[PDB]
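Protein chains in written order, with my numbering: chain A, 1 to 215; chain B, 1 to 219; chain C, 1 to 13.
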Amino acid sequence: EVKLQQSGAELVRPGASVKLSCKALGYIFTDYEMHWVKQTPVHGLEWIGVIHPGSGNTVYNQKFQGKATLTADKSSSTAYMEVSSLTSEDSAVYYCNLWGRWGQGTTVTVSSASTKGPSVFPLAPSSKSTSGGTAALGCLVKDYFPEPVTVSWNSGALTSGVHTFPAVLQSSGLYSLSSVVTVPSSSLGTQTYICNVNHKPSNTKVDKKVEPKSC
Amino acid sequence: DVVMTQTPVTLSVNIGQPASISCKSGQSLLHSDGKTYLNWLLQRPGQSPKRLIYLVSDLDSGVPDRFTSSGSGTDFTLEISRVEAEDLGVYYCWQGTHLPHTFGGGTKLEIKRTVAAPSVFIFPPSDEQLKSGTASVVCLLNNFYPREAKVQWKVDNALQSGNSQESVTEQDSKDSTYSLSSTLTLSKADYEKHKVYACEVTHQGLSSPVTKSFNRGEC
Amino acid sequence: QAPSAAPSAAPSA
């Protein structure tokens, strides 16, 4: 259908630049004005600029003149935003959007600290995680930088009863999060539960099977 | 920048009750081309915004009939006839009439519901983590309301401070509850010095604190 | 083939 597909999460050094991508599908890319938006919990949603991909004409917010450069490839149906001279104020989620349709967004963290991929540990179902014929089980995604991690279960075929908790910041400056699901006790013998952990800054792609512990 | 002001900042509503959110602009959003480019977004934590309303009063596709919106010039309104559980999140107005385009601060719609006590679960460290020389113990409080809850860690009945981190979910889109996850982290050496690992939970739904514990090693 | 029924903003680019 109509679908804006943005590039994955980035860790970028202060002073450096980054270029984000946004692929349009299901409409005439060249005919409709593509917008870019910055989102932070301190400043909320801010409009960066708009590009006509057909003509290549751009209008910028005064606040983003020079900081942001909007580009487009007519061939691949892809919009591009380069953000340059990066400061702490530039860590944000970046969205492309037009006509009320929005990309999934791209988290950009400005830091000189090294990326660190997570350790993924099982939270095994046990008698201590059982209530009313159901078992809670999960994955502990420990010690990564920066945010975000993505967690799915059974490659996204399991969504009901999932809680993926907000990450906590440890003393180390690394993050940790847990993802838990509640499933029938009756079928722990027949059903397989796998957490799929993606951390794009460290090229981490982990599939961890979680099962009852053995003794 | 045309200043977009929403009210209230937070709306707390019972399921089935009405909700109304106000949006006012610094100047008129009537464009010279006749169209008034006032839009309404809905965003949940960790997800993209969703357009609900365009050109002031028009519902976008999939958007239930319980959503209505009108206004013109400066002052605007979004109304929900009867709020459903899935209507929660932050509602944003924004204007595409004037350059630069500007967004309201958001109104967060929170759902009121009955007290629900947490289900309390505890997870010893994995053997894979212990091999690496760290022990993380996870206490899970599932599906409770309201959001305020207290976790205390007890090791061989001794109250812990300084070695735990917790976080609470956003409100659940289906039962309007919260869950919380707390992690006690020790060295493998320290973990192996003690037997009883206990999570003690205080919540409005509980007439006294409930303890979930295991004995280390015991299978 | 537009992305939707209506634009969020007036053409500007």
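Note that beta-carbon positions come from the ideal geometry of N, C-alpha and C, so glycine has one too.
Original post:
For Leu-4 of chain A versus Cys-22 of chain A, is the C-beta distance shorter than 7 Å?
Top reply: Taking the first sequence and counting its residues from 1, one reaches residue 4 of chain A at position 4. Taking the first sequence and counting its residues from 1, one reaches residue 22 of chain A at position 22. Yes. Within cutoff.
Original post:
Where does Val-151 of chain A land, buried or exposed, given buried means 16+ other C-beta within 10 angstroms?
Top reply: Here residue 151 of chain A refers to the residue found at position 151 when the first sequence is read from its first residue. Burial call: buried.
**OP:** Quick one: grab the DSSP three-state call for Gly-89 of chain B.
**Re:** Taking the first residue of the second sequence as 1, we reach residue 89 of chain B at position 89. Strand.
Original post:
How long is the line joining the alpha carbons of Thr-164 of chain A and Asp-65 of chain B, rounded to whole angstroms?
Top reply: Residue mapping note: residue 164 of chain A aligns to position 164 of the first sequence, counting from 1. Residue mapping note: residue 65 of chain B aligns to position 65 of the second sequence, counting from 1. Looking at the two C-alpha atoms, the distance is approximately 31 Å.
Subject >> C-beta atoms of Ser-176 of chain B and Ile-111 of chain B nearer than 7 Å >> reply: For this step, residue 176 of chain B is matched to residue 176 along the second sequence. For this step, residue 111 of chain B is matched to residue 111 along the second sequence. Result yes, Cβ atoms of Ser-176 of chain B and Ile-111 of chain B sit closer than 7 Å.
Subject >> Complete runs of the beta strand (DSSP E) confined to the segment 109-158 of chain B [at least 3 residues] >> reply: 119-123, 134-144, 150-155
Subject >> Identity of the residue in A:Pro-14, A:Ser-202, A:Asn-203, A:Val-210 nearest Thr-192 of chain A by Cα >> reply: Taking the first residue of the first sequence as position 1, residue 192 of chain A is located at position 192. Nearest of A:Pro-14, A:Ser-202, A:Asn-203, A:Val-210 to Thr-192 of chain A, Cα basis: A:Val-210.
Original post:
Are the CB atoms of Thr-107 of chain B and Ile-21 of chain B nearer to each other than 7 Å?
Top reply: Residue 107 of chain B sits at position 107 when you count from the first residue of the second sequence. Residue 21 of chain B sits at position 21 when you count from the first residue of the second sequence. Taking 7 Å as the Cβ cut-off, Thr-107 of chain B and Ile-21 of chain B qualify as a contacting pair.
**OP:** Compare the C-alpha of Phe-144 of chain B against each of B:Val-138, B:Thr-185, B:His-203 and name the closest.
**Re:** The sequence position of residue 144 of chain B within the second sequence is 144, counting from 1. The residue with the shortest Cα to Cα distance from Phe-144 of chain B is B:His-203.
Original post:
Can you find a C-beta in chain B that's less than 7 Å from the C-beta of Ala-2 of chain C?
Top reply: What you label residue 2 of chain C is simply residue 2 of the third sequence in a count that begins at 1. Cβ-Cβ to chain B under 7 Å: no for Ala-2 of chain C.
Subject >> Closer than 7 Å to chain B by CB, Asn-61 of chain A >> reply: Position 61 of the first sequence holds residue 61 of chain A. Yes, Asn-61 of chain A lies at the interface with chain B (some Cβ there is under 7 Å from its Cβ).
Original post:
Near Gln-43 of chain B, which residues of its chain fall below 6 Å by C-beta distance, leaving aside the five closest residues on each side in sequence?
Top reply: Working through the second sequence from its first residue, we reach residue 43 of chain B at position 43. Closer than 6 Å at Cβ, skipping near neighbours: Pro-49, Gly-89, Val-90.
**OP:** Sort B:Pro-209, B:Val-3, B:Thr-183 by Cα distance to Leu-99 of chain B and report the nearest one.
**Re:** Numbered from its first residue, the second sequence carries residue 99 of chain B at position 99. Looking at the Cα atoms, B:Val-3 is the closest of the given residues.
Original post:
Fully enclosed by the segment 21-107 of chain B, which beta strand (DSSP E) runs are 3 residues long or longer?
Top reply: 38-43, 50-54, 67-72, 75-80, 89-95
Original post:
When the Cβ atoms of the segment 68-75 of chain B are set against those of the segment 30-46 of chain B, are three or more pairs found closer than 8 Å?
Top reply: yes
Subject >> The alpha helix (DSSP H) enclosing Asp-175 of chain B, as first and last residue numbers >> reply: Within the second sequence, numbered from 1, the residue matching residue 175 of chain B stands at position 175. No alpha helix (DSSP H) holds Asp-175 of chain B; DSSP gives it neither H nor E.
Original post:
For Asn-154 of chain A, which three-state DSSP category applies?
Top reply: Taking the first sequence and counting its residues from 1, the one referred to as residue 154 of chain A is at position 154. The answer is helix: DSSP assigns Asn-154 of chain A an H, G or I state.
Subject >> Run of the alpha helix (DSSP H) containing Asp-190 of chain B, from where it starts to where it stops >> reply: Taking the second sequence and counting its residues from 1, the one referred to as residue 190 of chain B is at position 190. Looking at the DSSP string, the run of the alpha helix (DSSP H) that includes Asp-190 of chain B is 188-191.
Original post:
At a CB-CB cut-off below 9 Å, which residues of chain C make contact with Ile-48 of chain A?
Top reply: Within the first sequence, the letter at position 48 stands for residue 48 of chain A. Going along chain C, no residue has its Cβ under 9 Å from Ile-48 of chain A, so there is no contact; the nearest lies around 13 Å.
Subject >> From B:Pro-124, B:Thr-169, B:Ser-132, B:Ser-213, residue whose alpha carbon lies closest to that of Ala-158 of chain B >> reply: Translated into positions along the second sequence, residue 158 of chain B becomes position 158. It is B:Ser-213.
**OP:** Taking only the alpha-carbon atoms, compute the straight-line gap between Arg-82 of chain B and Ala-19 of chain B and give it to the nearest angstrom.
**Re:** By one-based count along the second sequence, residue 82 of chain B stands at place 82. By one-based count along the second sequence, residue 19 of chain B stands at place 19. One C-alpha to the other measures close to 7 Å.
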